[PDB]
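Asker: Protein chains in written order, with the authors' numbering: chain C, 17 to 34, 257 to 364; chain A, 304 to 367, 394 to 670, 737 to 793, 802 to 939; chain B, 8 to 375.
We treat Cβ as the ideally placed atom computed from N, Cα and C, and that holds for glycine.
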Amino acid sequence: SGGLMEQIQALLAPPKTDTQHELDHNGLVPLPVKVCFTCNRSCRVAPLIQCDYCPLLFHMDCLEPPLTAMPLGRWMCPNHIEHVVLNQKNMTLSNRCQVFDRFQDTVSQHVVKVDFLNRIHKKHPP
Amino acid sequence: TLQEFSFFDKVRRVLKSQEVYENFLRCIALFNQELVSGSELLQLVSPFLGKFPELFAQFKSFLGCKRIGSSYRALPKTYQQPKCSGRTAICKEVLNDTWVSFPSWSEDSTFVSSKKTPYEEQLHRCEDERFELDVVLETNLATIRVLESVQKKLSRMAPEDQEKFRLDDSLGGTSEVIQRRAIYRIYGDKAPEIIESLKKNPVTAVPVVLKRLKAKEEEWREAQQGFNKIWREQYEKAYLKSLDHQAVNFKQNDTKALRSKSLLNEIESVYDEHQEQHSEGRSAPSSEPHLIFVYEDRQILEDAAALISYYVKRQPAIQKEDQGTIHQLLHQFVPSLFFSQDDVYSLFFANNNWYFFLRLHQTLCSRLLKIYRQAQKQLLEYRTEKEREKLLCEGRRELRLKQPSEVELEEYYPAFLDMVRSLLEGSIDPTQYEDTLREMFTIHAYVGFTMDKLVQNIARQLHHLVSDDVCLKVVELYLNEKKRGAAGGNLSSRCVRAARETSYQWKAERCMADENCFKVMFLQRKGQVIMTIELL
Amino acid sequence: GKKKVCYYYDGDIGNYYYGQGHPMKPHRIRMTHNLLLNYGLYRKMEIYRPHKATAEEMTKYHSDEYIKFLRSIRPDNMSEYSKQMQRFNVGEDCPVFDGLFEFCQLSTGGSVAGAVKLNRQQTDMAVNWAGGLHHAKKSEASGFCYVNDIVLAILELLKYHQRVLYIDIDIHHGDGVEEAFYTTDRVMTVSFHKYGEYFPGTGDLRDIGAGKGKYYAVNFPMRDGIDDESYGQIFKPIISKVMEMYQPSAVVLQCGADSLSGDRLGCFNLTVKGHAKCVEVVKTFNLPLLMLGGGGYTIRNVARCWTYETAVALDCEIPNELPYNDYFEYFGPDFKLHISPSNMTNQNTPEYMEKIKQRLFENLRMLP
Ligand SMILES: [Ca+2]
Ligand SMILES: [Ca+2]
Ligand SMILES: [Zn+2]
Ligand SMILES: [Zn+2]
Ligand SMILES: [Zn+2]
Numbered sequence: 017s018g019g020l021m022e023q024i025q026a027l028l029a030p031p032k033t034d257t258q259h260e261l262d263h264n265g266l267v268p269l270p271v272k273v274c275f276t277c278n279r280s281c282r283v284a285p286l287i288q289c290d291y292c293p294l295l296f297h298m299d300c301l302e303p304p305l306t307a308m309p310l311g312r313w314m315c316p317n318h319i320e321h322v323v324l325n326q327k328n329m330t331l332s333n334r335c336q337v338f339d340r341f342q343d344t345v346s347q348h349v350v351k352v353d354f355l356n357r358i359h360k361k362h363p364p
Numbered sequence: 304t305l306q307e308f309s310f311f312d313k314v315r316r317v318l319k320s321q322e323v324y325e326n327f328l329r330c331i332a333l334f335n336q337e338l339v340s341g342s343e344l345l346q347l348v349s350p351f352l353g354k355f356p357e358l359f360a361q362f363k364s365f366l367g394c395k396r397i398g399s400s401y402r403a404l405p406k407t408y409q410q411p412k413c414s415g416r417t418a419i420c421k422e423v424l425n426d427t428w429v430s431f432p433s434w435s436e437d438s439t440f441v442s443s444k445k446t447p448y449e450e451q452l453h454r455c456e457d458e459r460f461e462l463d464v465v466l467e468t469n470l471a472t473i474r475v476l477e478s479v480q481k482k483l484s485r486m487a488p489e490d491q492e493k494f495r496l497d498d499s500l501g502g503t504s505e506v507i508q509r510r511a512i513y514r515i516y517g518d519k520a521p522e523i524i525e526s527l528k529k530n531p532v533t534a535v536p537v538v539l540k541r542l543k544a545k546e547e548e549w550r551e552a553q554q555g556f557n558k559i560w561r562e563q564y565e566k567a568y569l570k571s572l573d574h575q576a577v578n579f580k581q582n583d584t585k586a587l588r589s590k591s592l593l594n595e596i597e598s599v600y601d602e603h604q605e606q607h608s609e610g611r612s613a614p615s616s617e618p619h620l621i622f623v624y625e626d627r628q629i630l631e632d633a634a635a636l637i638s639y640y641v642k643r644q645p646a647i648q649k650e651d652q653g654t655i656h657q658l659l660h661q662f663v664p665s666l667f668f669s670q737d738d739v740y741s742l743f744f745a746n747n748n749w750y751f752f753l754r755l756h757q758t759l760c761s762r763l764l765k766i767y768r769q770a771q772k773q774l775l776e777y778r779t780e781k782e783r784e785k786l787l788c789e790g791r792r793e802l803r804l805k806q807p808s809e810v811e812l813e814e815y816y817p818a819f820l821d822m823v824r825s826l827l828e829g830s831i832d833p834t835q836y837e838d839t840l841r842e843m844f845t846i847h848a849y850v851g852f853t854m855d856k857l858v859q860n861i862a863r864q865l866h867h868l869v870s871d872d873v874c875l876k877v878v879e880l881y882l883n884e885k886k887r888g889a890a891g892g893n894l895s896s897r898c899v900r901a902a903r904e905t906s907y908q909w910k911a912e913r914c915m916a917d918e919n920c921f922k923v924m925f926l927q928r929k930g931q932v933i934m935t936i937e938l939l
Numbered sequence: 008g009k010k011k012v013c014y015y016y017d018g019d020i021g022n023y024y025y026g027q028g029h030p031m032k033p034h035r036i037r038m039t040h041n042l043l044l045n046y047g048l049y050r051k052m053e054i055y056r057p058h059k060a061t062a063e064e065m066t067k068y069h070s071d072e073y074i075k076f077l078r079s080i081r082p083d084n085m086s087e088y089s090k091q092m093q094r095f096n097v098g099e100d101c102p103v104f105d106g107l108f109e110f111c112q113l114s115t116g117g118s119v120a121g122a123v124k125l126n127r128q129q130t131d132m133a134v135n136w137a138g139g140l141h142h143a144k145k146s147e148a149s150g151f152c153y154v155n156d157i158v159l160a161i162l163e164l165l166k167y168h169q170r171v172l173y174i175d176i177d178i179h180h181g182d183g184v185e186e187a188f189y190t191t192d193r194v195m196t197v198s199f200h201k202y203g204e205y206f207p208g209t210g211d212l213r214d215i216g217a218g219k220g221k222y223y224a225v226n227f228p229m230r231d232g233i234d235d236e237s238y239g240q241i242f243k244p245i246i247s248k249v250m251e252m253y254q255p256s257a258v259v260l261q262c263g264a265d266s267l268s269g270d271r272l273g274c275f276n277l278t279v280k281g282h283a284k285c286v287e288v289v290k291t292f293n294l295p296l297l298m299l300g301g302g303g304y305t306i307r308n309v310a311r312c313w314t315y316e317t318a319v320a321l322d323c324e325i326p327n328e329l330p331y332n333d334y335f336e337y338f339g340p341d342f343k344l345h346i347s348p349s350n351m352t353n354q355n356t357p358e359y360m361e362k363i364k365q366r367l368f369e370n371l372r373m374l375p
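#1: Which runs of the alpha helix (DSSP H) at least 4 residues long sit entirely within the region 56-141 of chain B? Give them in chain order.
#2: When we look at the beta-carbon of B/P375 and count the other beta-carbons within 10 Å, is it buried (16 or more) or exposed?
#3: Kindly provide the ranges of any beta strand (DSSP E) runs that are 3 or more residues long and lie completely inside the region 275-354 of chain B, ordered along the chain.
#4: Using 8 Å as the Cβ pair cut-off and three pairs as the minimum, do the region 258-273 of chain B and the region 342-351 of chain B touch?
#5: DSSP three-state label for B/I233, please.
#6: Under a criterion of Cβ closer than 6 Å to any non-hydrogen atom of ligand 3, which residues qualify, in chain order?
#7: What residues come near ligand 5, if near means a beta carbon less than 6 Å from any of its heavy atoms?
#8: Give the residues of chain C in contact with B/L212, contact being defined as C-beta atoms less than 8 Å apart.
#9: In angstroms, rounded to a whole number, what distance separates the CA positions of B/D71 and B/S146?
#10: Which whole-angstrom value is the C-beta distance of B/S114 and B/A160, which I expect to be below 8 Å?
#11: Mind checking the region 479-504 of chain A against chain C and listing, in chain order, the residues whose C-beta falls within less than 8 Å of any C-beta there?
#12: Mapping DSSP to helix, strand and coil, what is A/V441?
#13: Determine, for B/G273, whether the minimum Cβ-Cβ distance to residues of chain C falls below 8 Å.
#14: Taking a cut-off of 7 Å, which residues have a beta-carbon closer than that to any heavy atom of ligand 2, in chain order?
#15: Using a Cβ cut-off of 8 Å (strictly closer), state whether B/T352 contacts chain C.
#16: Would you check if there are 3 or more beta carbon pairs closer than 8 Å linking the region 499-513 of chain A to the region 471-485 of chain A?
#17: Is A/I831 helix, strand or coil when you go by DSSP?
#18: List, in chain order, every chain C residue whose beta-carbon is nearer than 9 Å to that of B/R230.
#19: Which bits of chain A does C/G265 rub up against, with CB to CB less than 9 Å?
#20: In the DSSP output, what is C/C274 paired with across the bridge?
#21: Where A/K885 and A/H867 are concerned, what is the direct C-alpha to C-alpha distance, given to the nearest angstrom?
#22: Which residue's Cα is closest to the Cα of A/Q346: C/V322, C/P364, C/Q336 and C/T344?
#23: State the DSSP-derived secondary structure class of A/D457, mapped to helix, strand or coil.
#24: Pull up the distance between the alpha-carbon of B/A60 and that of C/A26, whole angstroms please.
#25: Mapping the DSSP letters down to three states, classify B/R193 as helix, strand or coil.
#26: Measure the CB-CB distance between B/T356 and C/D353 and report whether it falls below 8 Å.
#27: Does the beta-carbon of B/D182, which I'm using as the reference point, lie nearer than 7 Å to any heavy atom of ligand 1?
#28: According to a CB-to-CB cut-off of less than 7 Å, which residues of the region 339-353 of chain C neighbour chain A?
#29: For the region 187-216 of chain B, which residues have a CB atom closer than 9 Å to at least one CB atom of chain C, in sequence order?
#30: Per DSSP, which residues does A/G892 bridge with? Please list them.
#31: Using only alpha-carbon positions, find the residue among B/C312, B/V123 and B/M360 that is nearest to B/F338.
#32: How is the alpha helix (DSSP H) around A/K540 delimited, first residue to last?
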């Protein structure tokens, strides 16, 4: 580790005075596989990023617009609804969360949602 | 009606999950509460159904302080903007006043081990070391020149005026700092007294300062000559290794990437992806191969065969009968499979071992071709550069090292093959082999760093390809079926013989019913051979 | 054709010392000049001595308080300005060294004199390698820069030119210049830079301007290891589209060399030829052009790059063999003008570049 810096600084001195969607440890595509939502390909082509709200894996290039770097924090996939809620940026996250939880207790609602769909679907309004 | 039920059936089938489907239902319900317009509704549903044109068309028919950007914040309105005295009309009308960006990081960050090799850091340290000495030397020399100029000016005027000459804190130069910096460096703590003497009485004080500066300049110059001698052969030992960013990673990554389990996984994953696509019913034809590789030269083929034969002929555990058998397999059967003995294809049904051998052989051939192309490019670039630099008037358009001759440049590739043979025999050390490769092919040399092991791997496959009755039965079945012409043939006659080909596949299924079965197609086109492998 | 260019160099710029171990070294300019002398490029070029810029000239963009602090601070009175030193971000990253105000004066004066020369139409090309400090803000120092001379040069250019186009090929994002002209349509700033856990942390794809200056600021974020082919493939079409939509009258080109391979702080994989291809492409459009320096922290590569671009701007061809000069031993062991790249992985895949280019094209089509 012989560097010349000490000798030069002495020579010039002044006089002064006195998890599952990743490659294995050895490196292998885990099986069974989970694929990107846009291309249906695994982590072998490119690393996959996992949305932390829904189980949708994505590729950094398969997005629109593509991500330039890895998202360090919690990332939101483009397949959710809070994006249209983000159109109005004045309101804080607590009101948004309470609005979402207004529909978080009857999550199925399948009969009523198909019913509302056909109710709107009628071309001539009632 | 039932059409809506069928639509919802196919959408929850295609989404393959309940959470994404429920998000879609939340979207349509939020629409149903009259908070969403039709165009906004389709722009929200586009992420879910952007890859099914049929589903999207069906859904369309069924329907019938402020912040901007990502890094700019608005300044407070009641914020005392710092006054400026030079603001002209263009300054007021043009300059930004309301938005600010906040720098999030700092330069000279933790980048020491982020992406750089250990041999770039030595070069950086040597460069810095050079710069510190050079900057001190050039400050001293500039001060010497300034004092020489002021002394020459002083010596030309009347003696009764010399005692009336004085100097300011620029000390005759154009800078108020640099000359004082040099004098401070020379004199340590006694610098202010010398500076006052130079400013007050230049006539008597200039020559002694000049003498001291000159003596220090000579001593520093000889020390720098010694340091220049030492700094060399560190650039030489570090330069080529600094540009090769992959060797350390590549050696281990390749020593793993060639294992049988890794090769098997590389195709099993693709098979699983295609199976999932078929399950989701996406528009993908059920005849495409899972993996595709290209052979672009026959000369590379016989070169690789010669290398493998060279290694196998020097084996102690392989008997003369097995040597002959491997010779027939390598120089006769394989070229026949590649049709060395358009739109002409060959069909082959193989087990795991033949798939491994084909993968390894393709890897070796591709690397040999890469080295060959690099050598050709180097020779062409050298010839073009010589032709260009011969015709140069340079500035009229208003030691070193001796580069190799053209003959060495065209003999690089046979020398590379001889080097590979020497490494395989064990006569040359891996370190010297790697160094010669790096000096021969610069940053494309790593491609050949782990060739011998690769060859070794291939050899093992060949040996097993003789000892396992399954493999010889496979090649015999291929030969017997080709005698009928069903396995492989002209592209047009496929539909003529297709049923017969089916029979062949059937036999494969009843010969390896406990083992993976691979369909391999060798398609010839324009001098290249495309090997397409698919797992059954 | 062959045209008259102006060169600005002050012999004292190489002596200013940033500090021990600091990546920023003005010495590079000196070596660059030395190379220009040993290729015989002084005969076809006009060399000027830049006049020092008065503080009144600098206060056209910077506040008087920040300039007064810069003119007053010295290494021997750091104790009496500590609070101010915290306020203006003068400290660790941007240190206070001996004669920093004179350094700022020379660097600013070179580019301001070049801009004045271009305004007077006495030339259509001015070169100042001491300039190119684009990270400095209105009342703070950032990214080794204390005074933003690019903004001052553009403010000088705006007195005769209606539209001024600024191009930045330094690996970092030129946040100071972009922020200075964020809400105006008379200056459009194109920046190509690395993005993501990198200084200064700005310059997103969606930073397109504000107010009247909307769609007049374009950023191309990149990944590690971009090389000559990708850079050439995405620089020429974007610049052609920018010049066809915007139709500028003057061009300011920041030629920072920290985007070359082997840089002490950069991550890219460009070479000298690929770097100067941008200069050739810009020069093709035949506009009053001001070329500036900037970053670059592998000193020998900076010298090579800037001497090659100076040769290219003169339409002069120079041999690949480096002539003997005062700093010859810096260029071992090959002693060649051109440099070789590494084999680092190019993380910018073709689909990423195509998508970003398409987004930029759709952003550009919206200009009037
Ligand atoms: Ca940039
Ligand atoms: Ca603008
Ligand atoms: Zn994908
Ligand atoms: Zn999601
Ligand atoms: Zn930079």
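Answerer: Checking against the coordinates, here is how it stands:
#1: Complete alpha helix (DSSP H) runs here, min 4: 62-65, 71-79, 89-94 and 107-126.
#2: When all chains shown are included, B/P375 counts as exposed.
#3: Listed in chain order, the complete beta strand (DSSP E) runs (minimum 3 residues) inside the region 275-354 of chain B are 296-299.
#4: Judged by Cβ distances under 8 Å, the region 258-273 of chain B makes contact with the region 342-351 of chain B, as three or more pairs qualify.
#5: When DSSP states are grouped into helix, strand and coil, B/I233 belongs to the coil group.
#6: A Cβ closer than 6 Å to some heavy atom of ligand 3 marks a residue here, and those residues are C/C274, C/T276, C/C277, C/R279, C/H297 and C/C300.
#7: A residue is listed when its beta-carbon falls short of 6 Å from at least one non-hydrogen atom of ligand 5; in chain order these are B/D177, B/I178, B/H179, B/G263, B/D265 and B/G302.
#8: The contacting residues are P303 and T306.
#9: C-alpha separation (whole angstroms): 9 Å.
#10: So it is not a contact: roughly 11 Å between Cβ atoms.
#11: So nothing in the stretch comes that close.
#12: Note: A/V441 maps to coil in three-state DSSP.
#13: At least 8 Å separates the CB of B/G273 from every CB of chain C.
#14: The chain-ordered list of residues whose CB is nearer than 7 Å to some heavy atom of ligand 2 reads B/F188, B/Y189, B/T191, B/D192, B/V194, B/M195, B/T196, B/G216, B/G220, B/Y223 and B/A224.
#15: By this cut-off, B/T352 is not an interface position.
#16: As far as the Cβ criterion goes, the region 499-513 of chain A touches the region 471-485 of chain A, which means the pair count is three or higher.
#17: Coil at A/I831, not helix or strand.
#18: The contacting residues are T306 and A307.
#19: Per Cβ cutoff of 9 Å: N582, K585, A586 and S591.
#20: Paired residue(s): C/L295.
#21: The alpha-carbon atoms of A/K885 and A/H867 are separated by roughly 24 Å.
#22: Among C/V322, C/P364, C/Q336 and C/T344, the Cα nearest to that of A/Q346 is on C/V322.
#23: Taken through DSSP and simplified to helix, strand or coil, A/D457 comes out as helix.
#24: Cα to Cα, B/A60 sits roughly 38 Å from C/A26.
#25: Coil.
#26: Between B/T356 and C/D353, the C-beta gap is not smaller than 8 Å, which leaves the two residues out of contact.
#27: Result no, Cβ not under 7 Å from ligand 1.
#28: Those would be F341, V345 and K351, in chain order.
#29: For the region 187-216 of chain B, the beta-carbon criterion of a distance under 9 Å to any beta-carbon of chain C is satisfied by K201, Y202, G203, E204, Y205, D211, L212 and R213.
#30: Paired residue(s): A/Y740.
#31: When B/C312, B/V123 and B/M360 are compared, the shortest CA-CA separation from B/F338 is found for B/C312.
#32: First-last of the alpha helix (DSSP H) with A/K540: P531 to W560.
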